[PDB]
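Participant: One structure coming up, written as structure tokens, with questions to follow.
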Amino acid sequence: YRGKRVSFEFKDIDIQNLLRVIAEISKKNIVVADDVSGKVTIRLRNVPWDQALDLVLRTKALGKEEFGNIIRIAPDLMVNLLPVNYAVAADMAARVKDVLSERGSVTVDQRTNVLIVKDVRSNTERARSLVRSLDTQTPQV
Amino acid sequence: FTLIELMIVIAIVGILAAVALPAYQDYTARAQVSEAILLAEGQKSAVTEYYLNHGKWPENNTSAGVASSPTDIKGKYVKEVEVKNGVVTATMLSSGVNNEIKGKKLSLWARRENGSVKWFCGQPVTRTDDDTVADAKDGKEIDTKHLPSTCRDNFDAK
Amino acid sequence: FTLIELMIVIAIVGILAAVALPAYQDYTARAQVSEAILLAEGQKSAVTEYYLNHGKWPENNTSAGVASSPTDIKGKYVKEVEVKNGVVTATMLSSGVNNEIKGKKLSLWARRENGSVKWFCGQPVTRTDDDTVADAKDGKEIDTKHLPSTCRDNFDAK
Amino acid sequence: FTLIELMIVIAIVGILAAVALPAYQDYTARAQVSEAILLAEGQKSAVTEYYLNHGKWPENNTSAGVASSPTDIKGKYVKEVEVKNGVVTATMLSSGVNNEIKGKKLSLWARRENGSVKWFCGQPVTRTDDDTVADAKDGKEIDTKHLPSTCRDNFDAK
């Protein structure tokens, strides 16, 4: 769960293809089962892959299990990184969980106090507006 | 040949308990929350006075002049009550409560009316500035269904 | 040759009453105790005030400012309610109650919180010092099974 | 030559219904009265407050601050509930009830305890003075057999 930064753009492609593509980029050797799912659409910018993966899982796709050398996977939206300069990322977690409800979309907290969201643009926009708005009362030190 | 009156009436009281189960289980939780609210209040006094006398919200319990220890303001279903910049939050214990409300909490916060203040009651909130708070969104918030009609206030209620 | 539907169904309602007998008999007792508790409470007020105003627990009903006569604080299942050094004990009548709870009683006692007090509810207790009570072990305590979940307090509950 | 199993078992269920007839018919009436009682109560509040605040029993529903119209406090088996000088009487409808309890009624009345009051429940009564009532002897009282164990109070109960 650490990698080079990437931008994932997938317009109506088999998750098996996204997976292989992700193995061809040295993001492990990835192998599915045979019939995992189908086709998905995502479009990410500035996301390390191992995250764009966790995030792909939550879209439609699978869960991942690693043997070590190989990993087995079994059965636009966008991603944007939000810097949080002023507040701690965990203090947002209550409010951010409360927008999601039983929706799709997710939020991931990286160690360097940045939030990452996959979702539809409309749920991304909401999550950014709240994260920045709560960050903004934190900049007045 | 005969005995079905004893068999059905033992099985109607069994299903009666199953129907009476969720009613007593939210009436029950709704009752355990109504107290977190009572424990939260009565601490409005300290906080109100501190604010009106100094023009600044009490930073913590000790500032407000209350059990310097959050855990010292607990109850049966309340694991505590902390004052954080005038905002008073009540946490639900983990033992003796419903099931979907334990470890969950609410908040009471006030607003400068100028010469006095007005209090609000609702889901957890954080104070930003002396006259602004926000959803203490934690997913730890007591679910709207368990909150009285008098404690449905939103972070921006005026 | 024939008539067994009338004979079995009269004998299933008979055995249904026998199965419904112990359920109504503890639900019943548990109900008669829930009142001894209500009669005991509401007298917390007098006792609390007396303590906070003087710093000493009311010695008896008259001190607490309540029906100077224990027997004057009785009920249907309650034969009385006596205040003995801040401890309020409720006695179950002998007529109109279960069978294993009559003449039996419980107690409500409080503890100095310093500036306020906290109340407990449970099996009979005696007060030792201003901040300590002990089991009035004697055999007339209402059995744990008949006491609410809110009245399971032990002599040393804090 | 043969068929008596069908003939007897159809005639044992027939006689079983005849034996189950009076049981369901008083269980039933006793159930319809238990409500007249619930409709009568909950109006104790108004009456109690009126008395404690003024020291005089509410003359009628409007005084007590309840549906100014007796008929507005009716139910399924209850044709109404009237407050007459603190005494609250509940009348049994004429349709949807037993047979020996319709148009029949009971009363709830209280007594000055001095600082509070105690309530009674029983067969119809009239108020004489602020601390005395008497049997509204007239023939329309719900029969003792239909009244709960908790509503067997006599005009002079204290």
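Protein chains in written order, with the entry's author numbering: chain Qj, 477 to 551, 574 to 639; chain An, 1 to 158; chain Am, 1 to 158; chain Al, 1 to 158.
Where is the CB? At the ideal position from N, CA and C, for every residue including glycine.
One question on the structure: do Am/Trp-119 and Am/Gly-86 come within less than 8 Å of each other, judged by their Cβ atoms?
Facilitator: Stepping through the third sequence from its first residue, residue 119 of chain Am is reached at position 119. Stepping through the third sequence from its first residue, residue 86 of chain Am is reached at position 86. In this structure, Am/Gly-86 does not lie closer than 8 Å to Am/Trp-119 by Cβ.
Participant: Looking only at its chain, what residues have a beta carbon closer than 7 Å to the beta carbon of Al/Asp-131, apart from the 5 residues adjacent to it on each side?
Facilitator: Taking the fourth sequence and counting its residues from 1, the one referred to as residue 131 of chain Al is at position 131. Cβ neighbours of Al/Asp-131 beyond the five flanking positions: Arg-111, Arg-112.
Participant: Examine chain An for any beta-carbon lying closer than 8 Å to the beta-carbon of Am/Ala-90, and answer yes or no.
Facilitator: By 1-based counting over the third sequence, the position of residue 90 of chain Am is 90. Not one chain An Cβ lies under 8 Å of Am/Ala-90.
Participant: Skipping 5 residues on each side, what residues in its chain have a beta carbon closer than 6 Å to that of Am/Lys-44?
Facilitator: Residue mapping note: residue 44 of chain Am aligns to position 44 of the third sequence, counting from 1. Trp-119.
Participant: Please report the residue range of the alpha helix (DSSP H) in which An/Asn-61 lies.
Facilitator: Walking along the second sequence from the start, residue 61 of chain An turns up at place 61. Run containing An/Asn-61: 61-64, per the alpha helix (DSSP H) assignment.
Participant: Under a CB-based cut-off of 8 Å, is Al/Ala-11 close to chain Am?
Facilitator: Sequence index remark: in the fourth sequence, residue 11 of chain Al carries index 11 (1-based). With 8 Å as the cut-off, Al/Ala-11 counts as an interface residue toward chain Am.
Participant: Specify, as a first and last residue, the run of the alpha helix (DSSP H) that Am/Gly-14 falls within.
Facilitator: Counted from its first residue, the third sequence places residue 14 of chain Am at position 14. From DSSP, the alpha helix (DSSP H) with Am/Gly-14 extends over 5-40.
Participant: Does any residue of chain A have a CB that is nearer than 8 Å to the CB of An/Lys-137?
Facilitator: Going by chain labels, chain A is absent from the structure shown, which instead holds the protein chains Qj, An, Am and Al.
Participant: Would you please verify whether the beta carbon of Qj/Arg-593 is less than 8 Å from any beta carbon of chain An?
Facilitator: In the first sequence, the residue the question calls residue 593 of chain Qj occupies position 95. Yes, its Cβ sits closer than 8 Å to a Cβ of chain An.
Participant: On the DSSP bridge list, what partners appear for Am/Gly-122?
Facilitator: For the purposes of this step, residue 122 of chain Am is taken as the residue at position 122 of the third sequence. BP columns for Am/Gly-122 point to Am/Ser-107, Am/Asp-153.
Participant: Pick out whichever of Am/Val-47, Am/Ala-31, Am/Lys-145 has its Cα sitting closest to the Cα of Am/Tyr-77.
Facilitator: Mapped onto the third sequence, residue 77 of chain Am falls at position 77. The candidate whose alpha carbon is nearest that of Am/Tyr-77 is Am/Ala-31.
Participant: To the nearest angstrom, how far is it from the Cα of Al/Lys-84 to the Cα of Al/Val-66?
Facilitator: Residue 84 of chain Al sits at position 84 when you count from the first residue of the fourth sequence. Residue 66 of chain Al sits at position 66 when you count from the first residue of the fourth sequence. Between Al/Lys-84 and Al/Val-66, the C-alpha separation is close to 12 Å.
Participant: Could you spell out the range, first to last residue, of the beta strand (DSSP E) harbouring Qj/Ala-592?
Facilitator: Indexing the first sequence from 1 puts residue 592 of chain Qj at position 94. Per DSSP, Qj/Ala-592 lies in no beta strand (DSSP E) segment; the continuous alpha helix (DSSP H) that holds it begins and ends at 587-598.
Participant: Quick one: list the residues of chain Am neighbouring An/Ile-4, beta-carbon separation under 9 Å, in chain order.
Facilitator: Within the second sequence, residue 4 of chain An is the residue found at index 4, counting from 1. Going along chain Am in sequence order, the residues near An/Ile-4 (Cβ under 9 Å) are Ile-8, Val-9, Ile-12.
Participant: Whose C-beta lies closer than 6 Å to the C-beta of Am/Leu-3 among residues of the same chain, with five residues either side of it excluded?
Facilitator: Taking the third sequence and counting its residues from 1, one reaches residue 3 of chain Am at position 3. Around Am/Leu-3: no qualifying Cβ.
Participant: Give the single residue among An/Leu-21, An/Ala-23, An/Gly-55, An/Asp-26 whose Cα lies nearest to the Cα of An/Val-117.
Facilitator: Locating residue 117 of chain An in the second sequence gives position 117, counting from the first residue. Selected option, being the one with the closest Cα: An/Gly-55.
Participant: Please list the partners that An/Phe-1 has in chain Am, where partner means a Cβ-to-Cβ separation under 8 Å.
Facilitator: For the purposes of this step, residue 1 of chain An is taken as residue 1 along the second sequence, with counting starting at 1. The answer, in chain order, is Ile-4, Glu-5, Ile-8.
Participant: Can you look up Qj/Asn-578 in the DSSP assignment and give me helix, strand or coil?
Facilitator: Position 80 of the first sequence holds residue 578 of chain Qj. DSSP, reduced to helix, strand and coil, places Qj/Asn-578 within a strand of the structure shown.
Participant: Over the uninterrupted alpha helix (DSSP H) stretch that includes Al/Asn-98, give me the two end residues.
Facilitator: By one-based count along the fourth sequence, residue 98 of chain Al stands at place 98. Judged by DSSP secondary structure, Al/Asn-98 falls outside any alpha helix (DSSP H); it is assigned neither H nor E.
Participant: What would DSSP say about Qj/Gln-608, mapped onto helix, strand or coil?
Facilitator: Numbered from its first residue, the first sequence carries residue 608 of chain Qj at position 110. In this structure, Qj/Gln-608 counts as strand in the three-state DSSP scheme.
Participant: Over the uninterrupted alpha helix (DSSP H) stretch that includes An/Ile-142, give me the two end residues.
Facilitator: The count along the second sequence starts at 1 and reaches residue 142 of chain An at position 142. An/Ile-142: not part of any alpha helix (DSSP H); DSSP gives it neither H nor E.
Participant: Answer yes or no: do Qj/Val-482 and Qj/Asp-530 have a C-beta to C-beta separation smaller than 8 Å?
Facilitator: Indexing the first sequence from 1 puts residue 482 of chain Qj at position 6. Indexing the first sequence from 1 puts residue 530 of chain Qj at position 54. In this structure, Qj/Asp-530 does not lie closer than 8 Å to Qj/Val-482 by Cβ.
Participant: For Al/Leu-16 and chain Am, any beta-carbon pair shorter than 8 Å?
Facilitator: In the fourth sequence, residue 16 of chain Al corresponds to position 16, counting from 1. Yes, Al/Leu-16 counts as interfacial toward chain Am.
Participant: Is there a Cβ of chain An sitting closer than 8 Å to that of Qj/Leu-580, yes or no?
Facilitator: The residue labelled residue 580 of chain Qj in the question sits at position 82 within the first sequence. Look at Qj/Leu-580: its C-beta is not under 8 Å from any C-beta on chain An.
Participant: Hey, is An/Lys-140's beta-carbon within less than 8 Å of any beta-carbon in chain Qj?
Facilitator: Position 140 of the second sequence, counted from the first residue, corresponds to residue 140 of chain An. Judged by the 8 Å Cβ criterion, An/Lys-140 is in contact with chain Qj.
Participant: By Cβ distance below 6 Å, which residues in the same chain neighbour Am/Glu-82 in space, the five residues on each side in sequence not counted?
Facilitator: Translated into positions along the third sequence, residue 82 of chain Am becomes position 82. So the list reads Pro-70, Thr-89, once near-sequence residues are dropped.
Participant: Helix, strand or coil: which one does DSSP assign to Qj/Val-497?
Facilitator: Your numbering for residue 497 of chain Qj matches position 21 in the first sequence. It is helical.
Participant: I need the DSSP call for Qj/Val-639, collapsed to helix, strand or coil.
Facilitator: Against the first sequence, residue 639 of chain Qj aligns to sequence position 141. Coil, per DSSP.
Participant: List, in order along the chain, the chain An residues whose C-beta lies closer than 8 Å to that of Qj/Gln-635?
Facilitator: For the purposes of this step, residue 635 of chain Qj is identified with residue 137 of the first sequence, where counting begins at 1. The answer, in chain order, is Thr-128, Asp-129, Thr-132, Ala-134.
Participant: Since Qj/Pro-524 sits in a beta bridge, which residues does DSSP pair it with?
Facilitator: In the first sequence, residue 524 of chain Qj corresponds to position 48, counting from 1. Looking at the DSSP assignment, Qj/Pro-524 forms a beta bridge with Qj/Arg-481.
Participant: Taking the alpha-carbon positions, what's the Qj/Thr-535 to Qj/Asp-633 distance?
Facilitator: What you label residue 535 of chain Qj is simply residue 59 of the first sequence in a count that begins at 1. What you label residue 633 of chain Qj is simply residue 135 of the first sequence in a count that begins at 1. Approximately 27 Å between the Cα atoms of the pair.
Participant: Going along chain Am in order, which residues have a C-beta closer than 8 Å to the C-beta of Al/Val-19?
Facilitator: In the fourth sequence, residue 19 of chain Al corresponds to position 19, counting from 1. Ordered by position in chain Am, the residues that pass the 8 Å Cβ test against Al/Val-19 are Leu-6, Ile-10.
Participant: Give a yes or no on whether 8 Å exceeds the smallest Cβ distance from An/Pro-70 to chain Qj.
Facilitator: Locating residue 70 of chain An in the second sequence gives position 70, counting from the first residue. Closer than 8 Å: no.
Participant: How would you write the range of the beta strand (DSSP E) that Al/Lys-84 sits in, first residue to last?
Facilitator: Numbered from its first residue, the fourth sequence carries residue 84 of chain Al at position 84. For Al/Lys-84, the uninterrupted beta strand (DSSP E) segment begins and ends at 78-84.
Participant: Determine the DSSP secondary structure at An/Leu-52, reduced to helix, strand or coil.
Facilitator: Along the second sequence, read from residue 1 onward, the residue named residue 52 of chain An stands at position 52. DSSP places An/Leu-52 in helix when its eight states are reduced to three.
Participant: Do An/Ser-63 and An/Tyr-51 have their C-beta atoms closer together than 8 Å?
Facilitator: One-based indexing of the second sequence puts residue 63 of chain An at position 63. One-based indexing of the second sequence puts residue 51 of chain An at position 51. No, the pair does not count as a contact, with Cβ atoms beyond the cut-off.
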